[PDB]
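Chain order of the listed sequences is A, B and C.
With the working numbering applied, the first sequence has no gaps in its numbers, which climb one by one up to 459 at the end.
With the working numbering applied, the second sequence has no gaps in its numbers, which climb one by one up to 1459 at the end.
With the working numbering applied, the third sequence has no gaps in its numbers, which climb one by one up to 2454 at the end.
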Amino acid sequence: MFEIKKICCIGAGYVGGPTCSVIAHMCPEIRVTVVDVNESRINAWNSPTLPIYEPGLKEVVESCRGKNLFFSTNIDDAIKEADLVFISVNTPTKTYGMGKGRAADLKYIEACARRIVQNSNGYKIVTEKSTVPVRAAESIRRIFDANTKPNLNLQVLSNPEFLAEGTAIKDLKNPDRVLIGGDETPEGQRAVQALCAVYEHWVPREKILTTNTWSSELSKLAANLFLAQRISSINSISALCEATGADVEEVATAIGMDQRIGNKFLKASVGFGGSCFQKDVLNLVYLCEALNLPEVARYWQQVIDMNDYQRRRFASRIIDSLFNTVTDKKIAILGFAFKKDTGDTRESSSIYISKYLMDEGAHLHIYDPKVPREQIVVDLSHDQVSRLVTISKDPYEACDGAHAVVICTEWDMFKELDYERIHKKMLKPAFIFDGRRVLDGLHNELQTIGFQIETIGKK
Amino acid sequence: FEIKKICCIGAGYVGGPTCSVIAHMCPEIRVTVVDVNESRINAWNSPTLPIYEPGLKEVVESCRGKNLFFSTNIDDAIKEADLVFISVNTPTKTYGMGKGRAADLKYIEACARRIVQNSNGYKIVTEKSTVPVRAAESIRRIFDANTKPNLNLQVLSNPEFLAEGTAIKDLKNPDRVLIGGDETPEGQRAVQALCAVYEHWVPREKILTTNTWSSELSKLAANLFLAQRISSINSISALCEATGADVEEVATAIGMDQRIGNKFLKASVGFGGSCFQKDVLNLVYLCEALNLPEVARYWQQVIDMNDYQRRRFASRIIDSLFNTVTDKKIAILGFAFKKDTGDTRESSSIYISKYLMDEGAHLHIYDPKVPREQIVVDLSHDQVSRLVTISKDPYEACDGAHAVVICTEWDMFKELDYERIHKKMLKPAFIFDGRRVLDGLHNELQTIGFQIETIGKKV
Amino acid sequence: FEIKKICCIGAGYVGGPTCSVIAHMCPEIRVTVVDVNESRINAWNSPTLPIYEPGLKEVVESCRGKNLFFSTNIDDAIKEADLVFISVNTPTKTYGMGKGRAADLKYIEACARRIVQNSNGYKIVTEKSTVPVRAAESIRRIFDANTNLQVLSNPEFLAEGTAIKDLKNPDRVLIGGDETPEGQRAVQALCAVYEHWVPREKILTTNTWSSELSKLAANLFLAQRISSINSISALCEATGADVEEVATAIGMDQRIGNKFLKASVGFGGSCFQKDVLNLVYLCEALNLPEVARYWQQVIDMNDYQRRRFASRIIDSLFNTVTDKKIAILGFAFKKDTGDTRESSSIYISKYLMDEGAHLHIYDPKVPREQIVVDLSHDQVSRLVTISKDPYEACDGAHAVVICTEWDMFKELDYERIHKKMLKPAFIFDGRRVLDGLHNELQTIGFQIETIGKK
Ligand SMILES: NC(=O)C1=CN([C@@H]2O[C@H](COP(=O)(O)OP(=O)(O)OC[C@H]3O[C@@H](n4cnc5c(N)ncnc54)[C@H](O)[C@@H]3O)[C@@H](O)[C@H]2O)C=CC1
Ligand SMILES: NC(=O)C1=CN([C@@H]2O[C@H](COP(=O)(O)OP(=O)(O)OC[C@H]3O[C@@H](n4cnc5c(N)ncnc54)[C@H](O)[C@@H]3O)[C@@H](O)[C@H]2O)C=CC1
Ligand SMILES: NC(=O)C1=CN([C@@H]2O[C@H](COP(=O)(O)OP(=O)(O)OC[C@H]3O[C@@H](n4cnc5c(N)ncnc54)[C@H](O)[C@@H]3O)[C@@H](O)[C@H]2O)C=CC1
Ligand SMILES: O=c1ccn([C@@H]2O[C@H](COP(=O)(O)OP(=O)(O)O[C@H]3O[C@H](CO)[C@@H](O)[C@H](O)[C@H]3O)[C@@H](O)[C@H]2O)c(=O)[nH]1
Ligand SMILES: O=c1ccn([C@@H]2O[C@H](COP(=O)(O)OP(=O)(O)O[C@H]3O[C@H](CO)[C@@H](O)[C@H](O)[C@H]3O)[C@@H](O)[C@H]2O)c(=O)[nH]1
Ligand SMILES: O=c1ccn([C@@H]2O[C@H](COP(=O)(O)OP(=O)(O)O[C@H]3O[C@H](CO)[C@@H](O)[C@H](O)[C@H]3O)[C@@H](O)[C@H]2O)c(=O)[nH]1
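What follows is the structure in structure tokens.
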């Protein structure tokens, strides 16, 4: 019977923000207050230009901002007034100690939990939205039960997020499903039903799926595991195609017409990237090693190993094709973002293709149309960067007097280039290693030009 | 030109149904299925077909005697037919080099050589049999080594995608038909000619033409992807039992992401059937042939997971019976590898039954459609005489037993009288549900006094 | 056409002697030996050459400025030459993919590209560097791209220290080339150069790959022998047999030969280990792990032999060597050279340095700056002294460690050495140079331990 009147969200990031903006927009009589430790980020949200850009987000925020939606920096009063409290802070991979470089660090989630119980009174619904390790909600509950008061009654729910970077507003206005996890006790289900009620304001009851708490946490990770698996699986197929004279695009199409298999996430590449997949896989493999599930640990670890194989063997072909040495040779790196049409570099296959060539002493010239040059120096640093790396300002400068052109990001502009011009002003034999299949179709015109072309999944 | 006479060498789970469906759809084409096995051809020409397949008996009776024939006269059949299917079995080698891993092609080769010994003029030889990549090239060399004047034999790949239990449905309305052929003129003659046969009931949009190697590899990749889904959901199942999450919940949340799909996410004791294990093992072995050890161990994980799923389940039964099962009666419900078939090939029931037989148990096995003599054959290799009993009905098997092990998801098992089953079971009585069919009946079952444990649910 | 002008890119231990010997034999041919190291070139034009090779000083001074030249000007040497030798180094890559295994072909690639940037008309490019199999296909692809040049293989078989005798009286010459018309003309042209002083029966012609691979295979067999007889020495030590008797016995069987059966602390030198590693790394790419791990045993045994010997010393010195003066007699990798590439002396010294031993190192032909360089990367200032004469090195020494078979180490006065060593005294004979001299040393009071004696 509980009705959720005011909402607070700790963490105004890529998840915290748009999620609450849409809630605000869909349920005009609910107050949505987004707070965050980073005072700048909060300010950019009330600013004309948003901290994170998502198509349609500005329209949504500007619709209810100041009406029922508020961005604020006063976290404490947001919490003590709220009915439901989202925890949407980050869980970065631990950089030291046990689980170094795989395990998730809960220090921020724990900070939200302690600050909540500090400022809370009466009844409240705490809902974690961050990708957490299974039973991380058990920690939030430990903390709350340890620091209890009279009339304090805090209920912990899981409500993970699923939006893809790029389609967030669509993916939230019209979700494939909404996921809510709660205790299978009466205090839980009441809290589950309260969060349902909020999602019912624009999400049909049929797409709202309720589970237990650990099913919901585990669901978040596994969805990413299955997706990343699909890519590693087709990538391994692409290796096999090159050895047997098959074409991986032909094999993809045939596989994906099996409706039980489906056709999404089958485009073989030089490796997947992004701030989410590899992190979640490592998180799950570390969790498994801690629950004495080595069989399961090493099952999922093959998603990473294969993705690491895909990248390393690309670099190997380049060196193997360049007469086994690539030291002091100019090489063009076309594309630095992990996927096209973005400026995000996180875990981009190009960082590692570049780092491999940099270990040989190749003189790299890098071009991305959207990535700032100073970001590329960070991703390659940690200098060896000054001697070998050079961020070019247009593609043709990168290919001038180069041995090879390496395409590492699927930018559509790379499909349009003047490979006539590039060839005259390259060293011979000129090579093209395309690791994003963007040059599919153009293979014949390129050979006759004299270009030597090697692409993933075709001999 | 038109194919007017088809011959299919191999009257098994592929050759029978696929040919019945062609005849039923192509009245003007004479379809003859041949086999070296006379009892089987006898069964085909009888009111009791040699396999149980929903709907197969109507389709056969629909045109048997008119354009559909079953004979042991292989030689005259090859001679008469325009198109010759190769649809013989391709088991894993149980001996020699690659024992336990490599595919055994002795049955393909015998077809190829019989085909050439029986052939004049023009024929299209098509292999449906799942084979290693480059396997048609062998048939092609055998034909080239034994060409006689006017002998023109074209070779095609036409992998089959039906699933047992849904064969007539899959054949009558396939997601796709895949044909692999020479990029040469004679090959395109051959491929167009086979497209014409399927174009009688299969829309041209759903007919995929590729080269021979892509076709064979697609069939392999399709099966690998499917089996991977099962191993992936099963690996999640083990993690569920350790965390308290529920695999049926997690599966559901995962499958509503349309990029993943909701098919083939039903955790089990282990996938069976003639093809998944052997096809993975084939691809893995072939990867070693071609210096691709990374790919080999990426897919090897599919089998290892499945074998761990099975061992872990056997272990629950034994650990929950205090690690001693000697002379304890155990009911085994379901011996078929899936429901709606009589095929037991590689059924998890076999491996589960064998684990319990090694512990000295008294197994009473029931299954609605698997013939009695097949079960005895599958557990022999007597241990069977001392330990194994085939039960006429499920209540007999559960009578005086310590536990019920459900291995096949036949619908009837959910409908049993467990009230009755309990009174005559030894106490404490266990139901180990290896297929999640008793889901939602757990509360009722516990009050009846039954102890129920199922894949992917924390005890 | 008769080859009238020859260029050799790379004036090292191969390009220098091999071209000196070509010039001394062929007075109607102009041989210019070039290199980027200007100090190396200048030393080749000096009364003190940049390498110690017996007979080499005579040969060079007999032609330098008649038909033998050493220049920094790489381009004109190629432009005007009829034949360009590539004799540059192919080390083991210390970086990137295959670090510690694969051969670095960056110096070959440099020649191939400078040749075509600096040459017109007809020229013969010969690969004398020890390359992997099919590396001559790579130079061919380069030349057929930036387009008339022919590519040949002519590996060298000279061993350092005997380079002059081996170049004047070779067992055989190996020339590998294309099986084409254009190729077989270029091969018989190089034969003509060698036929001035090598008989035709001892000139062997094959194809490019068979030649590139014969060089590696030959060095494998050679290195395998040493390791093989070295393994027997450890067998001898445990059964009281004697490695020299066993070796002598083995070698009387004509089918085995009597050569390369001298046990030792471990084979060194620029090539064996890198060539074995090269071939192993070749084998992985070719999906041949048995061949790979077969030849890998040639390296493991070598490393074992050195370690076993280094531990011999530490164990015998009552298990501790910290702050103890030890003499290292012999830093070159073999006798009659000053090359210290992969000398076992480096590996024993580095082992002894890890124990904190103060080393005093002597070698007749190795210059002191090389030893300091070889033993570093300070730890060296603290622990390593370089002695002007041997008796200085052994003054107050706990032990004398012989790592090189310089004939003069017999000639020493171990009466005198023993009087001024700390007690008890030890000699560790890593080359068996002291056989027969034992009883003397035993009576003098020296404790003598060598390779292959219990
Ligand atoms: N990036 C994505 O596409 C998705 C991310 N996620 C989850 O979101 C996490 C990070 O989310 P983002 O919004 O992308 O990152 P973010 O770092 O932009 O957002 C988290 C915000 O929380 C603030 N914060 C951290 N600790 C705090 C504390 N104790 N008190 C107050 N504010 C605090 C941070 O300053 C930051 O602005 C991931 O690790 C994952 O768990 C889930 C789905 C997708
Ligand atoms: N059973 C299935 O679900 C499917 C299997 N496949 C593939 O189709 C092939 C056939 O499989 P099944 O029909 O299940 O096997 P099966 O063993 O039931 O049928 C093969 C038939 O071929 C006959 N045969 C063997 N050698 C012969 C010869 N030299 N001459 C004449 N007849 C001969 C056998 O007696 C047998 O009746 C396999 O390669 C399998 O991988 C493809 C799709 C579905
Ligand atoms: N040392 C030996 O006994 C033999 C060695 N070989 C092979 O012959 C080769 C020559 O080895 P070494 O002479 O001992 O080594 P090295 O290091 O003495 O000679 C290489 C010389 O070439 C110069 N060089 C390298 N790249 C150059 C370039 N691009 N342009 C101009 N000069 C360049 C270097 O400055 C150096 O002085 C090696 O590949 C070796 O494996 C073959 C037979 C015998
Ligand atoms: O066919 C394909 C599709 C994608 N990719 C690669 O996959 C990577 C990841 O792309 P994407 O899925 O957009 O990553 P994210 O933007 O981080 O979003 C993922 O991670 C989020 C956080 O868990 C989930 O909400 C999303 O559903 C999931 O797509 C990229 O580098 C792509 O190049 C391929 O290689 N082939
Ligand atoms: O979610 C699932 C789906 C299946 N299974 C099991 O997996 C096995 C295989 O199931 P299914 O695919 O229906 O069996 P098959 O009849 O062997 O069909 C597969 O193998 C055929 C032979 O290659 C292909 O033609 C089909 O496309 C492919 O589905 C059976 O033991 C099932 O019980 C599960 O455990 N969970
Ligand atoms: O019976 C023996 C023979 C040699 N060695 C050791 O082997 C090493 C190398 O000796 P050697 O073969 O002379 O070395 P190199 O001077 O490098 O010559 C070898 O390596 C050259 C480069 O590949 C080839 O040209 C020669 O044919 C080949 O003998 C030295 O450290 C020696 O002490 C022994 O220990 N015992």
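Every residue, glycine too, gets a C-beta built ideally from N, C-alpha and C.
Does the beta carbon of A:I453 sit closer than 7 Å to a beta carbon anywhere in chain C?
Locating residue 453 of chain A in the first sequence gives position 453, counting from the first residue. Chain C contact via Cβ: absent.
Alpha-carbon spacing of C:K2335 relative to C:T2404, whole angstroms:
As a first step, residue 2335 of chain C must be located in the third sequence, where it is residue number 335. As a first step, residue 2404 of chain C must be located in the third sequence, where it is residue number 404. The straight-line gap from Cα to Cα measures roughly 6 Å.
Residues of the stretch 2105-2138 of chain C in Cβ contact with chain A at a cutoff of 7 Å, in chain order, please.
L2105, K2106, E2109 and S2138
Is the beta carbon of A:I366 sitting closer than 7 Å to the one on A:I333?
As a working note, residue 366 of chain A is residue 366 in the first sequence. As a working note, residue 333 of chain A is residue 333 in the first sequence. Yes, they are a contact pair.
Does B:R1259 get closer than 7 Å to chain A when you measure Cβ to Cβ?
As a working note, residue 1259 of chain B is residue 259 in the second sequence. With 7 Å as the cut-off, B:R1259 counts as an interface residue toward chain A.
From the DSSP output, in three-state form, read off B:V1250 for me.
As a first step, residue 1250 of chain B must be located in the second sequence, where it is residue number 250. Looking at B:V1250 - three-state DSSP - the assignment turns out to be helix.
Compare the Cα-Cα distances from A:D400 to each of A:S40, A:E416, A:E420 and A:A164 and report the closest residue.
What you label residue 400 of chain A is simply residue 400 of the first sequence in a count that begins at 1. When only C-alpha atoms are compared, the closest one is A:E420.
Are the beta-carbon atoms of C:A2397 and C:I2326 separated by less than 7 Å?
For the purposes of this step, residue 2397 of chain C is identified with residue 397 of the third sequence, where counting begins at 1. For the purposes of this step, residue 2326 of chain C is identified with residue 326 of the third sequence, where counting begins at 1. Contact flag set, yes.
The beta strand (DSSP E) that contains C:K2325, what's its start and end?
Residue mapping note: residue 2325 of chain C aligns to position 325 of the third sequence, counting from 1. Segment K2325 to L2329, the beta strand (DSSP E) holding C:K2325.
Would you mind telling me which residues of chain B sit closer than 7 Å to A:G245, beta carbon to beta carbon, in chain order?
Within the first sequence, the letter at position 245 stands for residue 245 of chain A. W1213, listed in chain order.
CB contact check: B:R1310 to chain A, cutoff 7 Å:
Sequence index remark: in the second sequence, residue 1310 of chain B carries index 310 (1-based). No, its Cβ sits nowhere closer than 7 Å to a Cβ of chain A.
Closer than 7 Å to chain A by CB, B:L1151:
Residue numbering aside, residue 1151 of chain B sits at position 151 when the second sequence is read from its first letter. By this cut-off, B:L1151 is not an interface position.
Looking at ligand 8, does it come within less than 6 Å of A:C112, judged from the CB to the closest heavy atom?
With respect to small molecules bound, the structure shown includes ligand 1, ligand 2, ligand 3, ligand 4, ligand 5 and ligand 6 and not ligand 8.
Can you tell me which residues form a DSSP beta bridge with C:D2429?
Taking the third sequence and counting its residues from 1, the one referred to as residue 2429 of chain C is at position 429. In DSSP, C:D2429 forms a bridge with C:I2402 and C:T2450.
Our contact map puts B:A1251 next to A:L218 with C-beta atoms below 8 Å; I'd like the distance itself, whole angstroms only.
Translated into positions along the second sequence, residue 1251 of chain B becomes position 251. Translated into positions along the first sequence, residue 218 of chain A becomes position 218. B:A1251 to A:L218, Cβ: 11 Å. No contact.
CB contact below 7 Å: C:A2292 versus chain A
Taking the first residue of the third sequence as position 1, residue 2292 of chain C is located at position 292. So no, C:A2292 is outside the interface.
What residue range does the beta strand (DSSP E) around A:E128 cover?
Here residue 128 of chain A refers to the residue found at position 128 of the first sequence. Residues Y123 to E128.
So who's on the other strand from C:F2069, going by DSSP bridges?
Translated into the one-based positions of the third sequence, residue 2069 of chain C becomes position 69. Its beta-bridge partners are C:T2032.
Per-residue contacts from A:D176 into chain B (C-beta, under 8 Å):
On the first sequence, position 176 is the one that residue 176 of chain A refers to. Those within 8 Å of A:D176 in chain B are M1256, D1257 and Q1258.
Among C:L2222, C:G2445 and C:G2430, nearest to C:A2332 - alpha-carbon criterion:
Indexing the third sequence from 1 puts residue 2332 of chain C at position 332. That would be C:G2430, whose Cα lies nearest to the Cα of C:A2332.
What residues of chain A sit near C:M2421, judged by a beta carbon separation below 8 Å?
Here residue 2421 of chain C refers to the residue found at position 421 when the third sequence is read from its first residue. In chain order: nothing, as chain A lies at least about 49 Å away.
May I have the straight-line CA-CA distance separating A:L172 from A:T213, to the nearest angstrom?
Mapped onto the first sequence, residue 172 of chain A falls at position 172. Mapped onto the first sequence, residue 213 of chain A falls at position 213. Their backbone Cα atoms lie some 21 Å apart in a straight line.
Quick check on the burial criterion: 16 or more other C-beta atoms within 10 angstroms. Buried or exposed for C:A2310?
Taking the third sequence and counting its residues from 1, one reaches residue 2310 of chain C at position 310. Looking at its Cβ environment, which holds 16 or more other Cβ atoms inside 10 Å, C:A2310 is buried.
For the stretch 352-376 of chain A, which residues have a CB atom closer than 8 Å to at least one CB atom of chain C, in sequence order?
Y356, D359, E360 and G361
Need the endpoints of the beta strand (DSSP E) that A:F86 sits in, please.
Here residue 86 of chain A refers to the residue found at position 86 when the first sequence is read from its first residue. Its beta strand (DSSP E) spans residues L84 to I87.
B:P1050, buried or exposed, once every other Cβ within 10 Å from all chains shown has been counted against 16:
By 1-based counting over the second sequence, the position of residue 1050 of chain B is 50. By the 10 Å Cβ count, B:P1050 comes out buried.
Should B:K1278 be counted as a contact of ligand 5 given a C-beta to heavy atom distance under 6 Å?
Residue numbering aside, residue 1278 of chain B sits at position 278 when the second sequence is read from its first letter. No; taking the cut-off as 6 Å, the Cβ of B:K1278 has no heavy atom of ligand 5 nearer than that.
Mind listing, in chain order, the residues whose beta carbon lies closer than 5 Å to a non-hydrogen atom of ligand 4?
A:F162, A:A164, A:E165, A:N224, A:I231, A:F265, A:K267, A:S269, A:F272, A:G273, A:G274, A:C276, A:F338 and A:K339
Taking the alpha helix (DSSP H) that A:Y419 falls in, what are its first and last residues?
Residue mapping note: residue 419 of chain A aligns to position 419 of the first sequence, counting from 1. From DSSP, the alpha helix (DSSP H) with A:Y419 extends over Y419 to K424.
Would you call C:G2257 buried or exposed, if buried means 16 or more other Cβ atoms sit within 10 Å of its Cβ?
Taking the first residue of the third sequence as position 1, residue 2257 of chain C is located at position 257. Under this definition C:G2257 is an exposed residue.
Using a Cβ cut-off of 8 Å, pull out every chain B residue sitting near A:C288, in sequence order please.
Taking the first residue of the first sequence as 1, we reach residue 288 of chain A at position 288. In chain order: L1239.
Short check: CB of B:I1179 to CB of B:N1152, under 7 Å?
Walking along the second sequence from the start, residue 1179 of chain B turns up at place 179. Walking along the second sequence from the start, residue 1152 of chain B turns up at place 152. Not in contact: B:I1179 and B:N1152 (Cβ atoms no closer than 7 Å).
Alpha carbon of A:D77 to alpha carbon of B:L1321, nearest angstrom
Reading the first sequence from its first residue, position 77 is the one you call residue 77 of chain A. Reading the second sequence from its first residue, position 321 is the one you call residue 1321 of chain B. Taking the straight line joining both Cα atoms gives about 57 Å.
Shorter than 7 Å from the beta carbon of A:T325 to some beta carbon of chain C?
As a working note, residue 325 of chain A is residue 325 in the first sequence. Chain C, which has a Cβ nearer than 7 Å to the Cβ of A:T325, makes this yes.
Assign C:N2073 to buried or exposed, taking buried as 16 or more other Cβ atoms, counted over all protein chains shown, within 10 Å of its Cβ.
Counting from one through the third sequence, the residue named residue 2073 of chain C turns up at place 73. It is exposed - the Cβ of C:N2073 has fewer than 16 other Cβ atoms within 10 Å.
By the criterion of Cβ-Cβ separation under 8 Å, what are the contact partners of C:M2097 in chain A?
Here the question's residue 2097 of chain C lines up with position 97 in the third sequence. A315, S316, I319, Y356, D359 and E360, listed in chain order.
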